[PDB]
Amino acid sequence: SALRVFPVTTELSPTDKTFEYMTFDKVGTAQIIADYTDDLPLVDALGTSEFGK
Amino acid sequence: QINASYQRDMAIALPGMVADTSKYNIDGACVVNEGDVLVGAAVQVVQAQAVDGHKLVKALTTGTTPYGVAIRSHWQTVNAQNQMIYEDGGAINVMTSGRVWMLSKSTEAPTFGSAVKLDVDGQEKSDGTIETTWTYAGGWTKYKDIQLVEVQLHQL
Amino acid sequence: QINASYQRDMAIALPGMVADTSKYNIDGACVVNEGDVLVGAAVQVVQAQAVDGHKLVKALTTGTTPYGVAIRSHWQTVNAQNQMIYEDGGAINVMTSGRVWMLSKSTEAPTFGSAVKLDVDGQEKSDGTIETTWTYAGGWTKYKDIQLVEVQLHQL
Amino acid sequence: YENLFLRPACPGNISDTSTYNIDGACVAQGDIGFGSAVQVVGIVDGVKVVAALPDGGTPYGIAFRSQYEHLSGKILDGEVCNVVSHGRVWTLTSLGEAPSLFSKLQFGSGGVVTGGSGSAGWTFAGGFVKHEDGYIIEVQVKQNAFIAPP
């Protein structure tokens with residue numbers, strides 16, 4: 001039942017040897033501030049990848 | 001058969017990420033020499049060109065004097081060992097003043113306003129042998145298995 | 001006949017030039033009528049106003065604390081020797097922090113990050129009698145017949 | 001290439017438009033008066049908790065005057081507070097005569113200037129006027145000048 005209990009996709013050319021995919025993430029924060037300030041915190045982003053055969 | 005809701009929080013820091021928009025100063029006229037550096041580590045200056053003007057920097061070693069900390073940049077850094085580094089023979093973004101998140105090797109929270117001490121490989125440590133003039137800014141957090149501390153730097 | 005082309009490189013700096021745009025801080029003052037001040041040379045403060053803080057400055061003297069370095073600006077004139085000066089009575093711009101091209105009378109290139117030594121008249125020398133907080137930024141160049149050095153000024 | 005001066009000359013405000021820094025993410029424990037030194041007693045969630053200077057503390061900044069945040073006349077407990085960490089600022093003092101230019105100041109209890117013979121720290125900037133049968137001085141605050149003792 002391996003081909004019926006799991007999805008089967010066809011988006012792979014017959015001559016390819018490896019496939020790759022992307023995932024992303026993010027960080028940051030916020031704070032309580034007054035009218036005159038210069039210390040606003042910052043944010044950023046990430047990324048990574050994996051492989052197959 | 002009742003609905004549900006869930007709540008999740010983002011992380012608050014990254015290695016080499018600038019803490020806030022307060023006083024800061026960035027040196028971009030430097031070049032890395034003899035190896036590669038880690039985003040969020042202290043660096044040292046070998047020599048300064050008299051006419052050209054570009055500084056030559058490398059990773060901190062024993063018996064040296066720190067000058068600044070490399071910061072994050074999505075465009076100037078290359079990805080190796082699942083992290084951003086500055087490969088040899090390229091322009092680097094050193095920070096000479098301001099607040100920044102640095103990689104740490106300590107295990108307890110520091111004291112606000114105290115002096116910073118580093119390890120021989122440019123990573124902060126509570127009982128390091130290299131003594132600096134930078135200070136702790138109070139921040140102390142932890143990413144996924146990564147320990148970060150918020151440090152405030154002034155011009156050398 | 002063979003066509004030919006030529007090439008030249010401009011001079012790097014001028015006496016009293018602000019080197020770069022990395023966090024300078026320039027304030028205006030009035031020159032004391034006793035003695036003129038040379039652009040690119042250090043100055044000293046003799047007395048300050050109690051209400052506002054406007055300062056009267058003149059040339060450096062032995063056993064005194066330097067305050068800043070005169071920089072090139074609009075309000076400047078020529079001397080008899082065609083050397084650029086600030087007149088006895090007028091406005092003077094003084095930089096207290098940042099990188100400047102300052103007059104020197106030594107002969108050897110200095111070492112980056114070391115302390116700066118000054119002379120009686122306010123010109124850098126390798127073995128001067130006046131202690132300062134300022135540092136060397138590594139730039140060592142020579143305008144026509146004049147030696148210049150890159151000095152980093154830290155606010156007192 | 002010059003720096004402009006700032007006209008109102010009251011305690012608790014800035015005196016110049018040189019390089020300055022204002023740390024606006026703070027809260028107060030107790031009551032603080034404009035123009036006094038403050039110290040950092042703790043940090044919660046990226047916020048600094050400040051109090052008036054005791055004996056034995058290390059000053060961190062000087063309370064700053066604002067006409068929206070503090071409608072009473074002073075800073076009250078549990079209020080968001082402005083603190084100047086770098087720049088020239090008018091401070092309350094108990095001194096009688098102006099000290100030497102560019103000397104090192106010393107802070108008595110309550111965050112008032114009483115000494116001009118310190119070893120290291122903030123420096124006198126040359127301004128000395130009179131307020132309310134008391135005086136006001138002008139101090140130059142720098143960021144890493146005072147370091148917390150281990």
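Values in this text are rule-based calculations from the coordinates and carry no lab data. Using ideal geometry, Cβ is built from the backbone for each residue, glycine included, and neighbour counts are taken over all protein chains shown.
Which cross-chain or sequence-distant (5 or more) residues have an amide H under 5 Å from the amide H of B:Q147, H modelled 1.01 Å from N in plane?
Long-range HN contacts for B:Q147: B:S104.
Starting from the amide H of B:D27, placed 1.01 Å from N in the peptide plane, find each other amide H under 5 Å away whose residue is 5 or more places distant or on another chain.
B:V94, B:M95, B:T96
For q = 0.17 Å⁻¹, what log10 I(q)/I(0) does the stretch D:1-60 give under the Debye formula with an equal point scatterer on each alpha carbon and no solvent?
-0.71
Can you list the HN-Hα couplings for the stretch B:72-88, worked out from phi with the Karplus curve (6.51, -1.76, 1.60; θ = phi - 60°), rounded to whole Hz and with x for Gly and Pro?
6, 6, 6, 10, 8, 9, 10, 9, 8, 6, 6, 7, 8, 9, 10, 6, 5
Restricting the count to DSSP beta bridges whose residues both fall in the stretch D:1-68, what percent are antiparallel, rounded to a multiple of 5?
75
With n ≥ 4 as the cut-off for DSSP H runs, can you work out [θ] at 222 nm for the protein assembly as shown, using -39500 (n - 2.57) per run divided by the number of residues, rounded to the nearest 500?
Estimated from H runs of four or more residues: 0 deg cm²/dmol.
Using R₀ = 51 Å, calculate the FRET efficiency as 1/(1 + (r/R₀)^6) where r is the Cβ-Cβ separation of B:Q81 and C:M10; round to 0.05.
0.70
So who's got an amide H within less than 5 Å of the one on C:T132, skipping anything under 5 residues away but keeping other chains? H placed 1.01 Å off N, in plane.
For C:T132, whose amide H was placed from the backbone, the distant partners under 5 Å are C:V116.
Work out which GluC sites (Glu not before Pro) in chain D are exposed loop sites (DSSP not H, G, I, E or B, at most 10 other Cβ within 10 Å) and give the longest gap free of them.
Numbers: sites that count: D:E97, D:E132.
That gives D:1-96 as the longest site-free run.
Say a site is exposed when it is one of the GluC sites (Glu not before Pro), sits in a DSSP loop, and has at most 11 other Cβ atoms within 10 Å; what is then the longest site-free stretch of chain B? List each step's numbers first, then the result.
Numbers: sites that count: B:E34, B:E108.
The longest uninterrupted stretch comes out as B:35-107.
Across chain C, where is the longest run that never hits chymotrypsin sites (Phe, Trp or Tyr not before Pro) in a DSSP loop with at most 16 other C-beta atoms within 10 Å?
Result, exposed sites excluded: C:76-156.
Over chain B, what is the mean sequence separation of C-alpha contacts under 8 Å (at least six apart), divided by residue count, expressed as relative contact order in percent?
Computed value for chain B: 25 percent relative contact order.
Quick one: Kirkwood hydrodynamic radius for the protein assembly as shown, alpha-carbon pairs, angstrom, one decimal?
26.0
Residue by residue through the stretch A:34-43, which ³J(HN,Hα) values in whole Hz follow from phi under the Karplus form 6.51 cos²θ - 1.76 cosθ + 1.60 (θ = phi - 60°), with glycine and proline marked x?
9, 6, 10, 8, 9, 10, 6, x, 10, 9
Across peptide C:19-28, how many C-beta atoms of other chains are within 10 Å of each residue C-beta, on average?
Counting other chains' Cβ atoms within 10 Å and averaging over C:19-28 gives 4.
What list of ³J(HN,Hα) values in whole Hz, one per residue of the stretch C:130-140 in order, does the Karplus curve 6.51 cos²θ - 1.76 cosθ + 1.60 (θ = phi - 60°) give from phi, with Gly and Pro shown as x?
Running phi through 6.51 cos²θ - 1.76 cosθ + 1.60 with θ = phi - 60° gives 10, 8, 9, 8, 5, 10, 8, 9, x, x, 9 Hz.
Can you return the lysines within cross-link range of C:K125? Criterion is Cα-Cα under 16 Å, with same-chain partners fewer than 8 residues away left out.
Straight-distance partners of C:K125: C:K105, C:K117, C:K142.
Using a label position 7 Å from Cα in the Cα→Cβ direction, what is the ascending list of nm distances from B:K105 to the same site in the other copies?
Computed spacing set for this position: 5.0 nm.
With label points built 7 Å along Cα→Cβ from the Cα atoms of C:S126 and C:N3, find their separation and express it in nm.
Going from the C:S126 label point to the C:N3 one covers 4.9 nm.
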